[PDB]
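# Commentary on secondary and tertiary structure
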Amino acid sequence: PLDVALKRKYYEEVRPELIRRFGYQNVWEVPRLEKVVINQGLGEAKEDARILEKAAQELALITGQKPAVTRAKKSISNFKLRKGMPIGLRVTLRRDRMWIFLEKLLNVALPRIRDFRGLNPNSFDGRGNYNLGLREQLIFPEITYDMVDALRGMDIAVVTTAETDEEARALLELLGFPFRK
Amino acid sequence: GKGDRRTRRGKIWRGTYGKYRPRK
Amino acid sequence: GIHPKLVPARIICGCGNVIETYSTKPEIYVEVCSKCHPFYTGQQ
Amino acid sequence: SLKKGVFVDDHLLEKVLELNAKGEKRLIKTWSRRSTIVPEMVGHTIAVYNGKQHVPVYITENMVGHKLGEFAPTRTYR
Amino acid sequence: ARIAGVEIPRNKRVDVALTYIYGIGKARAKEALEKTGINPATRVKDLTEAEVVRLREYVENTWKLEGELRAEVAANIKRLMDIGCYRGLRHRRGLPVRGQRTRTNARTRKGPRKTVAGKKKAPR
RNA sequence: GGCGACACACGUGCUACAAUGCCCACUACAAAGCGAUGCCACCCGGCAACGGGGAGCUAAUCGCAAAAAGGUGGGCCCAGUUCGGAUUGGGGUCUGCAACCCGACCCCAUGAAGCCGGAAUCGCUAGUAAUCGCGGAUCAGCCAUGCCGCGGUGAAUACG
RNA sequence: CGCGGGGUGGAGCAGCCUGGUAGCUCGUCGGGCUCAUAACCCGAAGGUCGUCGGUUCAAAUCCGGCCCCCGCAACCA
RNA sequence: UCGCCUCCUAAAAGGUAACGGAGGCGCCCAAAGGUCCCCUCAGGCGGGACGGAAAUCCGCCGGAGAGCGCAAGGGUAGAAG
């Protein structure tokens, strides 16, 4: 486990072009993807013996990382469970792990997502780094569809070096990300 | 039985043939 | 001690391309992917 | 349920394919609801009728083997 | 005797057991046996360790079966969540999508008898 | 476009719940009716509705068109099943300018409720009841489980 | 304290010694019979059988044990 | 109304009155306790599938306005959390 397409394709292709693109000098200033936090949460754990640890585990086969047993601060009287202990779910992605999942997320779950037409043209604006809003889930090259007790959306947050937008844009812009433009 | 578009009697009931009632 | 394992895989697209990476389950039957775009249709 | 052809009217393409030869607008009234959906015409807006008014039904790339009618409901409260 | 999905026929003529599988009808099955020269009569409890898988082979590996078909269906159902096909609604709307009679029947697509009735007449 | 709507309602009926049954194969026995831009024998292509060719038939003379329930053999062994086919996905045919709203078939796949029906209620006095197949009118086609006819097998009971 | 006895549809009360049904009504909803209405007449929504622990093939029920009511007789530094 | 805890009244020490002004207590917790090892907020403004106007996220700016069983108040992240 020491190499992918991206991770490689990032270096030999993304590094040189970028650098030469905006005009940096040393290898660090050039912006780079750092990590990718991605959480589901659900918030669909309430009355009637509502476990959903599979909900997690099943996300574990899509990522490679066995998610985090999240909880929620306050208490939501205006809707179910209160004062910590419920459910929120999350799996932070860091290099290799992140590269892989990232890889096939730029090869499979691009059209498999129902229709599609291209990624939002502005979901990081101002503050570098990009977040995505998910509905589906089986569009993943795994997670069979005759094993989905339910379909839950999720959040893929892909944080970077690029301190501006033009940058974080580029980064992905030139790497494998398709924008609705 | 009389409905099952998949048997002798049926095609019959439904006055017709096919692969479950050879048009001879 | 509690993970998804992993192993080298050889994924087979639906038109030609055959990306050779890793993850979980060695044989993958994909419908489409890259090498499948920008497949437009013109416009009146 | 054809086998030889596609019942789609002609007074449509004599309008849709001219507009085709350029890449124009989309306001295209019409009563020919009884007609297949023309391949490529995906991206165009047809004002299907329903005994009431024309309909801003767009047109996707996934509604071709479907006559214009399938997207122009007739009765209210569905 | 697993084969397709977590399915296992047993104790009865092979040519019928097969139907059990999701995706297998009367036709297909009895073809499964002719194709692979396998005999119908013969139960499920009497099939060489070979014929067994030998079967599953052709089987599982041709017409997609239970599972990979299951919601393979909803594919062209949900696919109808598009701009909205009349047939979309009906599923979208929980009713008959084959130009049927709702006015009175249709109890397979509607929950059985949802009474809530009224109508007044005239007193004195 | 609508009369086809649909949270519901009653009336008339279709298919069933199964072993006195169902399936596949074979094999007998009708009567009544309708047939020219009609009914299509008969070869051919598709596991098939159907398509190509093509003989006859103004029809007691050629066809629809073979009757089903019987019989005979084989398959099922009491299960929500090889019962029952509703709904749903798919691929197709003919018609007709055109079948989204709105056809019928065929074919692959799903196989739903129903294991005998509350109070109540309907029919029938014998070739009847019951159950089985066949026709025609209207018709381009058909939503025909209807309607008007036909013929097959063939009970029970009536003290009062 | 102790002997009892008692809680089960929205209120009412049987199922309590017998194990094997979750019901009998009032009341809302339909649907029945008339010539229509009334009146009778049916089928349903609805209860952890209070609680938990338990033996059984199985519990409202027999066992447990406690919260809780009401009768009494008694206790109150 | 009657014992008790908090604040003001109460005049910068303490205390200090009214049938003064305004709230609580008659419980809880075998972890909500010993301890040792780890960790950090509330909000605001961007960015986000269900998403209020605060769910769970991501990014900045924000030392305390969060929390601490419960009344208020003292106190507190250099930890009591």
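Reading guide: rules and limits
- Residues numbered from 1 in each chain as written, not as in the entry; some residues may be left out.
- Chains lettered and ligands numbered in written order.
- Part of a larger assembly, values for the part shown.
- Heavy atoms only, no water.
- Helix = DSSP H or I, 4+ residues; strand = E, 2+ residues; numbered from the N terminus.
- Rg over C-alpha atoms; globule rule 2.2 N^0.38 Å.
- Contact = heavy atoms within 4.5 Å.
- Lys, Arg positive; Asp, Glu negative; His and termini not counted.
- Charge placed at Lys NZ, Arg CZ, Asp CG, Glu CD.
- Buried < 20%, exposed > 50% of the residue type's maximum accessible area, 1.4 Å probe, protein only.
- Near = heavy atom within 4 Å.
- Polar contact = N/O pair within 3.5 Å; in protein donor to acceptor, adjacent residues only side chain to side chain.
- Buried area = accessible area lost by both parts, 1.4 Å probe.
- Salt bridge = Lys/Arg side-chain N within 4 Å of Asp/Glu carboxyl O.
- Nonpolar A, V, L, I, M, F, W, Y, C, P; charged D, E, K, R; others polar.

For this deposition, the record names X-ray crystallography as the technique by which the model was determined and cites 3.8 Å as its resolution.

### Quick notes on the overall build of chain D
Counting its secondary structure elements, chain D contains 1 helix and 3 strands. The linear arrangement of helices and strands in chain D, starting from the amino end, is α-β-β-β. Here chain D has a C-alpha radius of gyration of 12 Å; the compact-globule value for 78 residues is 12 Å, and the two agree. Its C-alpha atoms put chain D at 40 × 30 × 25 Å along the principal axes. Taking as baseline every contact in chain D between residues at least 6 positions apart, the subset at least 24 positions apart corresponds to 38%. Charge centroids of chain D, computed over 13 positive and 8 negative side chains, lie 9 Å from each other.

### Quick notes on the overall build of chain A
Tallying secondary structure elements over chain A gives 4 helices and 5 strands in all. Its helices and strands in sequence order give chain A the pattern α-β-α-β-β-α-β-β-α, from N to C terminus. The principal-axis extent of the C-alpha atoms belonging to chain A is close to 60 × 35 × 35 Å. Among the 181 residues that make up chain A, the fraction classed as buried is 40%. Partitioning the intrachain contacts of chain A with sequence separation of at least 6 by distance along the chain shows that 67% fall at a separation of at least 24. Charge centroids of chain A, computed over 32 positive and 25 negative side chains, lie 5 Å from each other.

### Digging into the protein's contact with RNA strand H
All names here are of chain A. Near RNA strand H you find 27 residues, and of these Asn39, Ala72, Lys73, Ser123 and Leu134 are the closest. Here RNA strand H approaches the protein such that, of its atoms within 4 Å, sugar and phosphate make up 71%. At 3.0 Å from a sugar or linking oxygen of RNA strand H is found a side-chain nitrogen or oxygen belonging to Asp155. Where the surface near RNA strand H is concerned, the elements lending two or more residues are strand 1 (33–39), strand 4 (130–133) and strand 5 (155–160).

### Regarding the interface of chain C and chain A
Tallying the contact residues gives 13 residues for chain C and 15 residues for chain A. Between chain C and chain A, the buried area comes to about 1,100 Å², and carbon and sulfur atoms account for 66% of it. Its largest share of buried area at the contact with chain A, chain C owes to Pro4, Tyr22 and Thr24 of chain C, together 37% of the area lost on that side. Across the contact surface, chain C and chain A share 0 salt bridges. If you look at where chain C meets chain A, you find 0 residue pairs in polar contact. Here the residues of the side of chain C that touches chain A are counted per class, giving 8 nonpolar, 5 polar and no charged.

### What about the protein's contact with RNA strand F?
Around RNA strand F, a shell composed of 71 residues is seen, among which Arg14 of chain B, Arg34 of chain D together with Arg87, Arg107 and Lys114 of chain E lie nearest. Among the atoms of RNA strand F lying within 4 Å of the protein, the sugar-phosphate backbone contributes 76%. Between a phosphate oxygen of RNA strand F and a side-chain N or O atom of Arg75 of chain D, the distance comes to 2.4 Å. In the model, a sugar or linking oxygen of RNA strand F is placed 2.4 Å from a nitrogen or oxygen of the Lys114 of chain E main chain. At the level of secondary structure, the elements contributing two or more residues to the surface near RNA strand F comprise helix 1 (8–13) of chain B together with helix 2 (26–35) and helix 5 (88–91) of chain E. For the surface near RNA strand F, the leading source of residues is helix 1 of chain B, giving 5 residues. Among the residues making up the surface near RNA strand F, the classes are represented as 18 nonpolar, 20 polar and 33 charged.

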